[PDB]
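Engineer: Below you'll find the structure I mean.
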Amino acid sequence: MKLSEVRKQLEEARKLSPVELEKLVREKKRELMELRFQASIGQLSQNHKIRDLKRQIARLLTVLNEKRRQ
RNA sequence: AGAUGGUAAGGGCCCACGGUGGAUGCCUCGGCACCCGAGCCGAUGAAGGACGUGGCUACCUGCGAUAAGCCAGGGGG
Ligand SMILES: [Mg+2]
Ligand SMILES: [Mg+2]
Ligand SMILES: [Mg+2]
Ligand SMILES: [Mg+2]
Ligand SMILES: [Mg+2]
Ligand SMILES: [Mg+2]
Ligand SMILES: [Mg+2]
Ligand SMILES: [Mg+2]
Ligand SMILES: [Mg+2]
Ligand SMILES: [Mg+2]
Ligand SMILES: [Mg+2]
Ligand SMILES: [Mg+2]
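The opening position of the first sequence corresponds to residue 109 in this note's numbering, with each subsequent residue numbered one higher.
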């Protein structure tokens, strides 16, 4: 993911609420599974997508945590 | 009658070249000594581990299902 896309992701996430954050991680955790399944049958040439999504989820949960922390 | 040399299955000494082996010199990622600096960690779960963790990953390192990494400040270019 591009550095600017990352800022973008953070700014956008930070605007979200916990519930909206949870909904979105679940969606991404789902989108990762598809990637996995594709990676395992040799149909994911674009494999950087996996490291990417995984960190998105991390960023998101990180931010979810931010919110709930105080 | 007499007398003496070429035999090398193999062996010995010497010379040349190799093989084996890893001495010696040079080298140093490491070690050693002293001196200075610094000196506690832990239920907010330590020390130290187990198992995991990479698109493909045996091991080591790093890391913990947010898993060779997440957020932010500073540094740097
Ligand atoms: Mg990042
Ligand atoms: Mg004779
Ligand atoms: Mg002879
Ligand atoms: Mg012979
Ligand atoms: Mg002899
Ligand atoms: Mg020789
Ligand atoms: Mg010398
Ligand atoms: Mg100490
Ligand atoms: Mg430990
Ligand atoms: Mg390990
Ligand atoms: Mg930083
Ligand atoms: Mg910076």
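Backbone N, C-alpha and C fix where the C-beta goes; we use that ideal spot for every residue, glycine too.
Could you tell me the distance, in whole angstroms, from the CA atom of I165 to the CA atom of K136?
Structural biologist: For the purposes of this step, residue 165 is taken as the residue at position 57 of the first sequence. For the purposes of this step, residue 136 is taken as the residue at position 28 of the first sequence. The alpha-carbon atoms of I165 and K136 are separated by roughly 7 Å.
Engineer: Is it true that the CB of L140 sits closer than 9 Å to the CB of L172?
Structural biologist: On the first sequence, position 64 is the one that residue 172 refers to. On the first sequence, position 32 is the one that residue 140 refers to. Against a cut-off of 9 Å, the Cβ pair of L140 and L172 comes out as no contact.
Engineer: For the region 143-178, which segments carrying the alpha helix (DSSP H) assignment without a break, of at least 4 residues, lie completely within its bounds, in sequence order?
Structural biologist: Complete alpha helix (DSSP H) runs here, min 4: 156-176.
Engineer: Rounded to whole angstroms, what is the Cα-Cα separation between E120 and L152?
Structural biologist: Translated into the one-based positions of the first sequence, residue 120 becomes position 12. Translated into the one-based positions of the first sequence, residue 152 becomes position 44. Spanning the two alpha carbons is a distance of roughly 28 Å.
Engineer: So, with DSSP's three-state summary, where would you put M109?
Structural biologist: Here residue 109 is taken as the residue at index 1 of the first sequence, counted from 1. Coil.
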